[PDB]
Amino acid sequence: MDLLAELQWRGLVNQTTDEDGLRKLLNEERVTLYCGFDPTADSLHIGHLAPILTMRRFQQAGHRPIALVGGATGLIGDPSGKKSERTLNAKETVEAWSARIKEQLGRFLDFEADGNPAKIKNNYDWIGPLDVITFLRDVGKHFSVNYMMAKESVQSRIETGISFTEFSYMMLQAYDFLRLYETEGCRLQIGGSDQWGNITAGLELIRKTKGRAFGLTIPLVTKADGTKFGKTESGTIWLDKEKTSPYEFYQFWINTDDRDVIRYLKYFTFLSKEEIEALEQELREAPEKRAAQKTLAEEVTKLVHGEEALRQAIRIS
């Protein structure tokens, strides 16, 4: 209702399986929602911040968030939003990376709240021990090849090529939704823009096994210049302060172009509408001051690295 209307105002809603049904439920109950993150490196990066902070926004509105670490799926790899087939990482690598990722995820969520404390989960726990036969029959019988080929992630790649490995990924994410729906009462899954297919797949699996749940995706973060958000000359802006120092993290945000600053304040910060609007007017009247840019920089660096870290960044600058 108002949480959903607020996300809408911010521009954090790309798509939704059924807006009125979801608004209704959000308004009448504490909703268990989840978001999955696959270890594809030893650190999350700014590409993960929207979904993460969006979880947080759901938690502040009184809902319970589940952060899912892709221990199993990080061993398969999602073709979604990838133009090319990826190389398989080793179990040891993935296993090591999941541990770190778990740690950065935990920073953004509340574990102390009673009623809606978060959970951090690892899909290795239920996918790890699943036998192929069980998988093919219990999950696979539910999907026609025709349904799966039509998926943006696959359609996007058949000429380019895609192994059966990545083609099947969707079944696994599908399965995660079902298991979370069953063991945790999870009724909503959220993700970036590219996850629509995988989410709806989870919904198809639930529908076909139970005969209730929703999906919501966040839009790709845009730049007015038409370049790739987070694509720096420096390379990725990581959330690990040992990969990207708080100083560099801070600078990155301080250099937001006047054209993007207001969209990023809405996306990445907890400033109200009235605070954000006021900054918009300050951006119009005094754009050499860079008030929108410092506010973003401070807000986001505090979120991710904390105040002390922010303090240093500021004094280093």
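Start at 1 and count along the sequence shown; that's the residue number.
J.: How many residues that are in the deposited sequence but not in the model lie between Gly211 and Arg212: none, 1 to 3, 4 to 9, or 10 or more?
T.: Unresolved stretch here: 1 to 3 residues.
J.: Would you mind comparing 202-210 and 169-177 for me and telling me which has the higher average C-alpha temperature factor in the entry?
T.: Higher mean C-alpha B-factor: 202-210.
J.: With respect to the recorded C-alpha B factors, which stretch has the higher mean value, 6-14 or 293-301?
T.: Higher mean C-alpha B-factor in the PDB entry: 293-301.
J.: Highest CA temperature factor in the entry: which of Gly185, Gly71, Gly226, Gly106?
T.: Among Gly185, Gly71, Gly226, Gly106, the PDB entry lists the largest C-alpha B-factor for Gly226.
J.: For the C-alpha B-factor as written in the entry, point me to the maximum among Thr269, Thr54, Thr40, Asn255.
T.: Among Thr269, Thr54, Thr40, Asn255, the highest C-alpha B-factor in the entry belongs to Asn255.
J.: Relative to the other modelled residues in the chain, which third contains the C-alpha temperature factor of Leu33: lowest, middle or highest?
T.: Bottom third by C-alpha B-factor.
J.: What third of the chain, by the recorded C-alpha B-factor, contains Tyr124?
T.: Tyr124: CA B-factor falls in the lowest third of its chain.
J.: Which third of the chain does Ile190 land in by C-alpha B-factor: lowest, middle or highest?
T.: Its C-alpha B-factor belongs to the lowest third of this chain's values.
J.: Ranking the modelled residues of this chain by C-alpha B-factor as given in the entry, is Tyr247 in the lowest, middle or highest third?
T.: It belongs to the highest third of the chain when residues are ordered by C-alpha B-factor.
J.: Splitting the chain's C-alpha B-factors into thirds, which one does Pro219 fall into?
T.: Tercile = middle for this residue's CA B-factor.
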